[PDB]
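Below are the chains, spelled out letter by letter.
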Amino acid sequence: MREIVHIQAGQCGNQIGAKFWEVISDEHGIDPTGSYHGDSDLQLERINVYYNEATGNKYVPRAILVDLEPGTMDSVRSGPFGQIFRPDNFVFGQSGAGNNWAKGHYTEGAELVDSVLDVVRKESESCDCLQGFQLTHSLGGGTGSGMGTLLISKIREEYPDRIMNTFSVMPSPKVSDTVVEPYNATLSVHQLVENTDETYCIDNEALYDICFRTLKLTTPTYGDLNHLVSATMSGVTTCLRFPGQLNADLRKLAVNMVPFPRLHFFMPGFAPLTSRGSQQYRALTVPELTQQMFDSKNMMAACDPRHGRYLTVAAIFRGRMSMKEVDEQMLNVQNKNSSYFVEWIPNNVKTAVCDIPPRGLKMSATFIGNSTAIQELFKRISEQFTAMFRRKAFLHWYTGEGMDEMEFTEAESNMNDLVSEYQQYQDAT
Amino acid sequence: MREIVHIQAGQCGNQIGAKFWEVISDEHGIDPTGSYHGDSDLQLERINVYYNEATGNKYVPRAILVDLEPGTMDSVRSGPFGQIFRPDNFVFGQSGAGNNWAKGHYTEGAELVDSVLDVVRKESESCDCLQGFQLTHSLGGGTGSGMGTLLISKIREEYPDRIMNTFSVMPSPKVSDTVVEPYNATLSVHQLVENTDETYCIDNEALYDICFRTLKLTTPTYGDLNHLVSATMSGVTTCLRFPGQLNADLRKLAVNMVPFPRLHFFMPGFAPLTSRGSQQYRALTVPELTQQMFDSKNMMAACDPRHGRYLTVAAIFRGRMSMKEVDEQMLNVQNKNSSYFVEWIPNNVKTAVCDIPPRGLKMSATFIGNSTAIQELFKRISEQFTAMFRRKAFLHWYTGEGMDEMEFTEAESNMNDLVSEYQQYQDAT
Amino acid sequence: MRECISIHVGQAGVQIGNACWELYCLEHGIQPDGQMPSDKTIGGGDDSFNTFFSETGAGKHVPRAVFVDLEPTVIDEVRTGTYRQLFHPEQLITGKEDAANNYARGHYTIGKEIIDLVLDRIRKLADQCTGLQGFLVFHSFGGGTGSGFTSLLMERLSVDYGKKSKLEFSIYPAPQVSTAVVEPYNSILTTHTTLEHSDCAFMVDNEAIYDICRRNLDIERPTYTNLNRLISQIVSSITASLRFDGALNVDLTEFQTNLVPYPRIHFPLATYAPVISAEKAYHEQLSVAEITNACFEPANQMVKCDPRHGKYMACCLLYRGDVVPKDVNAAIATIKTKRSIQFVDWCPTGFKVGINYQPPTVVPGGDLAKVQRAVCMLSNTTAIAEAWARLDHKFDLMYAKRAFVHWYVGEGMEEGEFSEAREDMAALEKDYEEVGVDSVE
Amino acid sequence: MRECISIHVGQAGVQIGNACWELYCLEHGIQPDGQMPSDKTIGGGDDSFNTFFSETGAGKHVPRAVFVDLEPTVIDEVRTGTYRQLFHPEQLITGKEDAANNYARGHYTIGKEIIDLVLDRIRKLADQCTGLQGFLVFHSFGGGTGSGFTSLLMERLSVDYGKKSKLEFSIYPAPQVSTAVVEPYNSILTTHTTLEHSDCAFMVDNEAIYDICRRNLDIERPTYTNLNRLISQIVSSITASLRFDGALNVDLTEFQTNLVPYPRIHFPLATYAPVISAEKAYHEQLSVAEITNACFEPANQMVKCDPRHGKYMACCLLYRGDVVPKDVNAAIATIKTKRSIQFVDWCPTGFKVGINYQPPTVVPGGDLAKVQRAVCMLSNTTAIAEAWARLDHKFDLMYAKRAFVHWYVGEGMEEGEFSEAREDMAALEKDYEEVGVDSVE
Ligand SMILES: CC(=O)O[C@H]1C(=O)[C@@]2(C)[C@H]([C@H](OC(=O)c3ccccc3)[C@]3(O)C[C@H](OC(=O)[C@H](O)[C@@H](NC(=O)c4ccccc4)c4ccccc4)C(C)=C1C3(C)C)[C@]1(OC(C)=O)CO[C@@H]1C[C@@H]2O
Ligand SMILES: CC(=O)O[C@H]1C(=O)[C@@]2(C)[C@H]([C@H](OC(=O)c3ccccc3)[C@]3(O)C[C@H](OC(=O)[C@H](O)[C@@H](NC(=O)c4ccccc4)c4ccccc4)C(C)=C1C3(C)C)[C@]1(OC(C)=O)CO[C@@H]1C[C@@H]2O
Ligand SMILES: Nc1nc2c(ncn2[C@@H]2O[C@H](COP(=O)(O)OP(=O)(O)OP(=O)(O)O)[C@@H](O)[C@H]2O)c(=O)[nH]1
Ligand SMILES: Nc1nc2c(ncn2[C@@H]2O[C@H](COP(=O)(O)OP(=O)(O)OP(=O)(O)O)[C@@H](O)[C@H]2O)c(=O)[nH]1
Ligand SMILES: Nc1nc2c(ncn2[C@@H]2O[C@H](COP(=O)(O)OP(=O)(O)O)[C@@H](O)[C@H]2O)c(=O)[nH]1
Ligand SMILES: Nc1nc2c(ncn2[C@@H]2O[C@H](COP(=O)(O)OP(=O)(O)O)[C@@H](O)[C@H]2O)c(=O)[nH]1
Ligand SMILES: [Mg+2]
Ligand SMILES: [Mg+2]
């Protein structure tokens, strides 16, 4: 069966990843010690996907952790699930990146990529057949932007035929937690156009919006932004792990969802998101999930979807459903929104229906959509970039680590060609 | 049945040998007093190999101890197993070698070799049939380099048809515990090309590496470097002592493992080596042992195996196995590593499967491999040698004991011909 | 483990080192005799973190500190006080005479022949550490050893260490109140090696902290004990991410990447939120939007410097304690709306938030008390250029009259050194006039 | 059993022998009256090892020591002190007059007719021992009997014993401080038989141990009692492998093989790690990497000699106590990286580690205390040649004026002996100029 390797780079990466392997564990019914104590027998058939076996009935995730520069080491180890990862996988060095790209890709990345890929190959050959290389990294930072895209330059090189999904947390128009941030996005999108099959554009503002405009949370901590990301991360590989009525791999999505090989920057949604105790004033049905998925205040990429045409979308439904209400709710949205889609594609939406819900819910979904409205996430950075680069503002912390000025103009030429190949299909014809 | 005599020369020799007869004892279930108190009846059938009998149910190893120059005498006697060796075997003199070769081979060796060989012949004729003469000695030192290769000049002379294995601890590129050390290696490899059938090249750096890079030991003492050597020393003669499904003597190895009569310098590995309490995150299987055996960080000779082609290798498996997973894991490595082996040999790897594991483990192995990558252990010494010999640096402590300058040029001519007959097969054709 | 080497220099540097190491010993639990009897009750945790404390086998803890002052009078307070047995007994005194307030006795006369003990002691101290290094230098401008001897200590540590980060925390001469008449001579000669070697120079001042100790703290007579604790609270939350467990930690290398646009404009003008009294510890909410708005008014800058007459370039909000990361962005979109808080065109990102969540502790003996959160904003503005022009003017007014200068050139230094230090500060002030002005098309 | 014969000569040799035999009696348990009441409580072990102690049947122990000084004043301190009844009563005094600081009274006048008692006493002492021999000679250069009488004792023991190892531990005249004005004459005449007969000559000095007793030990007034204990700690860990149970023992024959490249460059310049105070016995880790790096700085060499102005040839790190053999190689690959610690081309191996694991003990009465490990590095560098040129220059400055020389030639010695001792030291200094220079191709 089909098996996935999960890689975690940048300090944003394992913080999502530590919450990621808690959602996966409770979805399979697996304790902190890896002992299976699940309810049914239906969740052992694809433990093989994420958890390879161990000696006595214990399960270990195939989780490489590149990002444990030692400030994060003894919190992930001294966490809820520090007794579940294999301790040889904790690959790191000393003197972390420093919110620097060139100290992730050229200087400290080159003296660590050999120690990572010696564990990547030891986790590939313990598998029957691989397809998946999930990389949870973030743009903007250090390790997650230079070293996160150094491995994709190497892992795609040693595996030219694997589906490479990178759940890439992106910068924001207002929330600026990094001063150098328009450099670590331009230099990393230049790598993630060439070297990935799909990559999910997630922002913190549209995660800050849902925890206030929809979930009504008083103080959304960083755990409650990762608990929303991870509910999508276990929503793309649901049909891999669980039986269904219309299955969808990580490749039936990434053949349908992508028209042209550069147009693979996705915005993920999730439903049902709502705020309650145990008294909520609604009814979980198939037309109830549909309106919330397509709603412009339940994206995650923090762009306005009604500014552009959706190229094609994928609605990975879960739970027990009826396929007529699935195929007819996906029809009426496409007709009411005839300008909001691309006219010159026959049917835009595809459907994927699994048969096992989450633990507490009755039904759920995942809106993965490829839109031209993500032109706004790349135009804002390319305006912030050429403002900093015109003065040659922060460049002596990068050219003092080995780079050249003629790699900066290479990176802005590539991002400006995505905006050209998004403004085209946003226009009508 | 087939019986082995174990000889211990140099102070490195009995220190390995005192740990050697503790691994052998616990493998047969034998107390410090030699009284058999084993678990099963299956480990009495070949006590004859290492332990000849005594009067009342007690067992004595056929261990000659040449090296007990009296600083080591009352520590081996006042040790864990000083009450197991036969006290007439403790053959020594006074005024030990002094890290000198000529005081091991010409002056104090000549006045002691008659007292050793009067005990060698009294341990040969107490046997039905001998094949084995294990000599645990070390290069670099005094007794272990001059007197250790004086006996092999005599024992091979009085026994031209015995398998002569010498587990020879070799010098290091960085760890220099002897200033005269490139003299005691050149003058002793000149003896161990002509006079042995097989000799195992063991270094301390690759034993210091495993106790840090793999076993994660805080302070590896000298006992914990010998506990790794001795786990190979009881891994070559396993099929002699225990029944199996495909047996291998000390001679089925040394007919297969050696192409040409000078190319018999081996590098030994061992698996499973891992660091745990009782919670380890793995699974002992036949493909699990295989990747660790061939891994370049689990040799012992401290050379890089991927720099050269393996001539042929031998994988002496133990424990309960399946021969299909043995013969197919040894196949896929040879195909993935088609340049890393010699092309013009049909099948390089042989297999040896015993049926009794160690005491605590479930399965184990021993990678004994003949490689051209051991050209590096002989090129480094031959550069350190001709640096010292050009100035005639330390020669007046050797020519003042009877030698001549025309034996130094004889010894460097022999070691430089091994490098010529290793660079050839490392090249492709 | 990441670590720092705290090198105090001068009397100003050692007097601040009385209270920086008084604060560290109370957070981690270390008594004034090296032991840790606090964590012995629980029985776990390595809280005497190896950032600041070498550990010996007998349970005692030794700091990473060395300090040189060329006068025994200052360090003999340390060698007889409460912290006698804590430090290693190599606190380098050896000065047979004080510097006497000049840069020439100083960089040349008696700073040489004592520096041979200094560099070898750092090498005996730096080679016990694996990982990050950073030299926390402590001195003042204007003095003799804080200006002269630091200048010799920088060009001899930019060679034996190369590219290591050097955070030096200088007390700058106030434009209105000066405790020496030759202090404008020393604080222009020390810029010629602060600009070149030390990558990041935190300037604070004595008059701007006098007003904070009078207005907010409501102390009518603030001595030097009560000023050095406020710098100690700042220095703690600069190097707090190297110790404690935060939600966004900021390493000392992450300062260099963010705070410093150009290699010669590294002067970032620290602040804090010290509105504790502690009578006013009640009567006041002190939320995230409250303590972030403390940097708005120019009555809370630590330097006598008006930020409203200049741009900003890059800021670094560093929080402590019970901070939720959502509340921060409410207190940042507010600041990017206010039109007198003025940025440049070429930095649209602005800020950077480091949320450590260990609360700042209280030194017993006054003068503030237990607040639940804090902030140490670090922002290199363009406004520091007018803080230097009120010091080049003090230099130029007594350089035409050739005053005080025979004690500078009659101690080995040439009289041409002064105009070489003027042509930097004239050209370095010229750099701030270009960076703040945007380009038009 | 392996053993040594400790032959002290002169007043310097006997005064060191006061404290070398004070140290041995405390390690093994021997009281100052021969008994061993320490091991009588346990009831086992032969710890009064036969390396240094002959044993008689009545439980008393007798050392292997004989000492000759040609003056009763020194040995009458031993014959009336605390160690009166310990030694055998043949401590050879018999000198009706002191040597009076010359080599000619000396090798010729009164050294002869007393040597007949000396050699026969060694033969009565050497023939009680089976196994290894080694003559631990103790004298000083510059003196009368330490220079003259040792020179007669070497050419009369290189004939009756042949090829036995002779470790002689000479105190060398300091280049700046000399306690005699004729000491440059004696320390050039004693080289003509030190070079030929004694195979290994450990030179130490008094000025380089004065700085160690002031800087590290922090003793302001070090008498000769406190200097001879530091040589005694060195001499213990030279002959420690002959007694105690180590993980890598180094025999006295293993010195000759390793330390000595050529038969005439045997001068290896001992060191130690005496940074105990014992106030500074705290405040400091003292690991394997710490005590091995004590040999880096030239403020811890036992000879006033700068190793940075010369190559090394071969070193011999000899440890004590709680040393793990892994930690050693970390402290050696470090040293082979540092580019001022300079080797020759023709010795790529470098070092040799002898790990004894008995800790060095503490003589009660000061001045250091119980450290857990130590090191006695022995390294013949090229730098000892500049330590001799500052002594040939003292010889040549008063040889042109024909000073002091009528008391040398008017005592049997010819005046041609001086230029025969100059043509060695000119040619022996010429040997160190060739060995340090590598050959090019
Ligand atoms: C009584 C009842 O029905 O309670 C629900 C509930 O009230 C609501 C509000 C839940 C609740 O979720 C949150 O409040 C929340 C908190 C942080 C981040 C994201 C969400 C719930 O906590 C979450 C919880 O979710 C699950 O049990 C899923 O299996 C979910 N699990 C986790 O995220 C998880 C949490 C802790 C530990 C381990 C796993 C999941 C979703 C996708 C993929 C895998 C797992 C559910 C249904 C509920 C509560 C308990 C109140 C909601 O969320 C989810 C993920 O279901 C929020 O909006 C939905 C709608 C639910 O009805
Ligand atoms: C609970 C449990 O399973 O414990 C294991 C264990 O944890 C591990 C880590 C053991 C352990 O070995 C070491 O830690 C070690 C120490 C010094 C030198 C070399 C190894 C073990 O100590 C060693 C011990 O080995 C044996 O019992 C073998 O029979 C072995 N015996 C000896 O070496 C020996 C030791 C002391 C006294 C007498 C014999 C052996 C191997 C080859 C040939 C003959 C004998 C075993 C399996 C274990 C422990 C006990 C933890 C490992 O080693 C061996 C030799 O098995 C180290 O990596 C392996 C993997 C094992 O799983
Ligand atoms: N905040 C604070 N400032 C101080 C302290 N001591 C001195 N200063 C200031 O430092 C400046 C004087 O420099 P000092 O550090 O006293 O001088 P020094 O470095 O000892 O140099 P010389 O005495 O000239 O050798 C003045 O501006 C003082 O106000 C102190 O303990 N705290
Ligand atoms: N370390 C040390 N040095 C000493 C001692 N006694 C003398 N010296 C040094 O030895 C040199 C003088 O030689 P002495 O040993 O006193 O002379 P001597 O051997 O008795 O010879 P004469 O008196 O000339 O017959 C000077 O350099 C002294 O500093 C001592 O007890 N310890
Ligand atoms: N969702 C989420 N975002 C984070 C987390 N930690 C940091 N970030 C974001 O990640 C970016 C900073 O990069 P970070 O991962 O901390 O830097 P790195 O360690 O150099 O990769 C900013 O956009 C932060 O808002 C986290 O735990 N969750
Ligand atoms: N593995 C191991 N190596 C040793 C031991 N003792 C010494 N050595 C090594 O042996 C060499 C020194 O030779 P040694 O046996 O002590 O000298 P000898 O007594 O003259 O033969 C060096 O390379 C040491 O690192 C030991 O007990 N175990
Ligand atoms: Mg002062
Ligand atoms: Mg005298």
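Residues numbered from 1 in each chain as written, not as in the entry; some residues may be left out. Chains lettered and ligands numbered in written order. Part of a larger assembly, values for the part shown. Heavy atoms only, no water.

Looking at the method and resolution fields of the entry, one finds cryo-EM and 3.78 Å.

Now for the interface of chain A and chain C. Taken together, the 31 residues of chain A in the interface contact 37 residues of chain C. A combined buried area of about 3,100 Å² lies between chain A and chain C, and 55% of that area is made up of carbon and sulfur atoms. Interface area lost by chain A to chain C is led by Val179(A), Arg391(A) and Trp397(A), which between them contribute 22%. Put simply, chain A and chain C have zero salt bridges between them. The interface formed by chain A and chain C includes nine residue pairs in polar contact. Elements represented by at least two residues in the side of chain A that touches chain C include exactly α7 (205-214) and α13 (375-390) of chain A. Ranked by the residues each element gives to the side of chain A that touches chain C, the list is headed by α13(A), at four residues. (Contact = heavy atoms within 4.5 Å. Buried area = accessible area lost by both parts, 1.4 Å probe. Salt bridge = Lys/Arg side-chain N within 4 Å of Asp/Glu carboxyl O. Polar contact = N/O pair within 3.5 Å; in protein donor to acceptor, adjacent residues only side chain to side chain. Helix = DSSP H or I, 4+ residues; strand = E, 2+ residues; numbered from the N terminus.)

Attention shifts here to the site of ligand 3. Residues and elements named next belong to chain C. For ligand 3, the set of nearby residues contains 19 residues, the closest of which are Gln15, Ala99, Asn101, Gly144 and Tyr224. Within the backbone of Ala12, a nitrogen or oxygen atom sits 3.1 Å from an oxygen atom of ligand 3. At 3.1 Å, a side-chain N or O of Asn228 approaches a nitrogen atom of ligand 3. Across the complex, the protein chains shield 90% of the 640 Å² of accessible surface that ligand 3 would expose by itself. Elements that contribute at least two residues to the shell around ligand 3 include exactly α1 (10-28), α5 (145-155) and α9 (224-236). A per-element tally of the shell around ligand 3 places α1 first, with four residues. (Near = heavy atom within 4 Å. Areas by Shrake-Rupley, 256 points an atom, 1.4 Å probe, with all protein chains shown as cover.)

Quick look at the interface of chain D and chain B now. A common way to express how large an interface is: the accessible area buried when the components associate. Counting residues at the interface gives 37 residues for chain D and 31 residues for chain B. Both faces combined, the contact of chain D with chain B buries some 3,100 Å², and carbon together with sulfur accounts for 55% of it. The tally of links between chain D and chain B comes to zero salt bridges. One can count nine residue pairs in polar contact joining chain D with chain B. Breaking the side of chain D that touches chain B down by element, the ones donating at least two residues are α10 (252-259), α12 (325-333) and α14 (417-435) of chain D. Looking at the side of chain D that touches chain B element by element, the count peaks at five residues for α10(D).

Attention now moves to the sheet that holds strand β4 (residues 65-68) of chain D. All names here are of chain D. Read from one edge of the open sheet, five strands run β4-β1-β5-β6-β7, paired in parallel fashion. The open sheet is flanked by β4 and β7 (200-205), the only strands paired with a single partner. Sheet twist, expressed as the mean angle between neighbouring strand axes with direction ignored, is 15°. (Pairing = 2+ DSSP bridges. Axes fitted to C-alpha atoms, helices over the stretch in contact; angles between N-to-C directions.)

Our next topic: the packing of aromatic side chains. Within the structure shown, the criterion is met by 86 aromatic pairs over all chains. Between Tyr183(A) and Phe385(A) the ring centres are 5.5 Å apart and the planes differ by 85°, which places this aromatic pair in the edge-to-face class. You can see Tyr183(A) sitting in helix α6 (residues 181-194) and its partner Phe385(A) sitting in helix α13, a full 202 residues away along the chain. Take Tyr183(A): its relative accessible area is 0%, and that puts it in the buried class. For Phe385(A), a relative accessible area of 1% corresponds to the buried category. A ring pair is formed by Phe135(C) and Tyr161(C), whose centres lie 5.1 Å apart and whose planes are at 80°; its orientation type is edge-to-face. (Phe/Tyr/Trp six-rings, centres within 6.5 Å; stacked < 30°, edge-to-face > 60°. Buried < 20%, exposed > 50% of the residue type's maximum accessible area, 1.4 Å probe, protein only.)

All names here are of chain D. Here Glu155 lies in helix α5 (residues 145-155). Considering only alpha carbons, one finds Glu155 and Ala278, 123 residues apart in sequence, at a separation of 44 Å. Contacts of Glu155, omitting those with residues within four sequence positions, involve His107 and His197. Reaching out from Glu155, the side chain makes a polar contact with the side chain of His107 at a distance of 2.9 Å.

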